[PDB]
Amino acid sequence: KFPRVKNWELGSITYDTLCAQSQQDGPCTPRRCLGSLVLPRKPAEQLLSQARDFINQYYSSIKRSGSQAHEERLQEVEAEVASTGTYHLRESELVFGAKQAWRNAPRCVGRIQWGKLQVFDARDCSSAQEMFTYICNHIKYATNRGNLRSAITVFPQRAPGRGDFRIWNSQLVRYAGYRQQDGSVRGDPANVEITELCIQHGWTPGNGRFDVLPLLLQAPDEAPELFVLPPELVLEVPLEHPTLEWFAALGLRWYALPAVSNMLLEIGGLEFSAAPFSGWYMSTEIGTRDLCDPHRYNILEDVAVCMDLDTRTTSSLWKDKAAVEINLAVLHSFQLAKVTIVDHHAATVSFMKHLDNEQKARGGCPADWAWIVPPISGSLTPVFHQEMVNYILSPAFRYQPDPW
């Protein structure tokens, strides 16, 4: 009933009791595990019991569980749902909910920071114009001249009678991908489709490898609108290498701020279709995935040739050697430019501390092993040797369909 969870490096055992609080089914069954899938295929009464559960979470968090303020808030929500089929969160509850969604996020290795999150309430937004202003403030706040600060901005919730507020971009800052005649891509191949949408909605495209995309913001039931981010708001870091001088000449660069803008924040049965959030990078995201993935910037071979490695055979481990230097260039360049970054060793070590904190606090912590273990040097980090239980707790970040 309660899974035994072992660390194979240290020989220590815990039992996860938190997982019994999951009310939401994942993709696995006893016949087969689908834990490696990225996206698997998945009324008053239901809303009212999610609302109640969450309000119960909130009053318990402020050690006022059972008080008058608690009973009366439950009645307000009941009264509101029974009349209108929905209800609204107080700001303090929203702040609690956002932090809890982050805490509960099984694919996030940065969760030791969960208690430290700036929550901007943007639920009084009524136009794409206003959305843009809120997004510009978020970026300015979060960026903080390189001293990055975790933030979320929460736009108006989904409503039965109408379309969603949506940010069409997957991140607030992304580079364009331009499909060429010859079928190759100039820029970031992950972004070809959003780049084409921006052009279709009136953007004058660039022609570089690192052109920052405009935002396509959508107010309910209206065509999305295009807004260019003022270049001064978008902090970027040129990549150099500590010892390899030719590396700067690659002209490589990356932006400071990872800010997810296409996920749905669910709190107490309410759904927030636009709720972009940002922290700071772990270096492997840039060094290994963004720059080295074969379907991304795919620079490995170029770096290897510059390093004069033998690219003829896999057994020279030229790929591994080049990937290491690229990750080192990322860490050094962010450190030089005084922009917050964490390496995968420091990050996984802080995650292990988080696992221990959450064991004491809640009797468990949902974690997706495949996402927590970094994409290089897996077993050289302490998380490789740690068993993990994966389940869905609410409040939660979820995937949602693309608006187009």
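Numbering starts at 1 and runs along the sequence shown.
- The entry models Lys42 and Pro43 with a gap of 10 or more deposited residues left without coordinates.
- The deposited model assigns a higher average Cα B-factor to 206 to 214 than to the other stretch when 206 to 214 and 266 to 274 are compared.
- Stretches 387 to 395 and 15 to 23 differ in mean C-alpha B factor, with the higher average recorded for 15 to 23.
- The maximum CA B-factor among the listed residues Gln200, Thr288, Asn298, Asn169, taken from the PDB record, is found at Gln200.
- In the deposited coordinates, the residue among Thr313, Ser150, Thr284, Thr153 with the greatest CA B-factor is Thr313.
- Per the PDB record, residue ranking by Cα B-factor puts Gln181 in the highest third of the chain.
- Among all modelled residues in its chain, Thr133 ranks in the middle third by Cα B-factor.
- Remark: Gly66 belongs to the highest third of its chain, ranked by C-alpha B-factor as recorded.
- For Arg52, the recorded CA temperature factor ranks within the highest third of the chain's modelled residues.
- Sort the modelled residues of the chain by CA B factor and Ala219 lands in the middle third.
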